[PDB]
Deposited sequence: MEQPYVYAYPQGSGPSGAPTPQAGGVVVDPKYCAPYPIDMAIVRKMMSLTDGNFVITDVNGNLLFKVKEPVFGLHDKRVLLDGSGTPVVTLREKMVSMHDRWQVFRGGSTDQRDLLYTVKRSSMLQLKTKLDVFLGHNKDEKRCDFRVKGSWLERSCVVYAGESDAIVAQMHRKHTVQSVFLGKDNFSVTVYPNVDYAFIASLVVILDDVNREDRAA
């Protein structure tokens, strides 16, 4: 129940991710500064879309805007819908979830650096923010949880804040 975007984003150990900034553009790195995703608005003067690119520059997911849909790769086609996020703080519904138990939830506070992501059907914690151009926090993604999925949530939280 940890795979959302792609099983290749599910590591057997915890991974801590963080935001590095130079505005919707920034990078998400591991603890050691290794790039995991570049986050950007793909089109100038349009602010409704962000893409997460891997280190090779390949789109991993596209987020499109209190309601976001997140699509596979560089798509915004409905057939490529992975999940919808609705604004305790955020509820996530996988693309095949036609109803309204959410599949994941985010609670806690962005500004306190205390966000926690839970799996809906067990309420298991899948990721946890901790307070520390580096933002003052990291997010632990637990083993076998999809870290591209968690990185997309971090992107949405940042959007809500800005």
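Unmodelled regions (deposited sequence positions with no C-alpha coordinates, counted from 1) are 1-23, 46-50, 94-99, 122-128, 141, 175-182, 213-217.
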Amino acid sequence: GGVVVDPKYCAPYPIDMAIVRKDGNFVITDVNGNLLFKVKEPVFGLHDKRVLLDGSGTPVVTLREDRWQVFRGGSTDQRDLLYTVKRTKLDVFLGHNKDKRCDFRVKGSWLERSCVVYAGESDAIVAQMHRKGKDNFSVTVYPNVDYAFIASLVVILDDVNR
From here on, numbers count along this sequence of modelled residues.
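Here 101-109 and 36-44 are compared by their mean Cα B-factor, and 101-109 comes out higher. Comparing the deposited coordinates for 67-75 and 88-96, the stretch with the larger average C-alpha B-factor is 88-96.
In the deposited coordinates, the residue among 115, 28, 31, 125 with the greatest CA B-factor is 31. Placement of the Cα temperature factor of residue 9 within the chain: highest third of the modelled residues, per the deposited record.
When all modelled residues of the chain are sorted by CA temperature factor, residue 62 is found within the lowest third.
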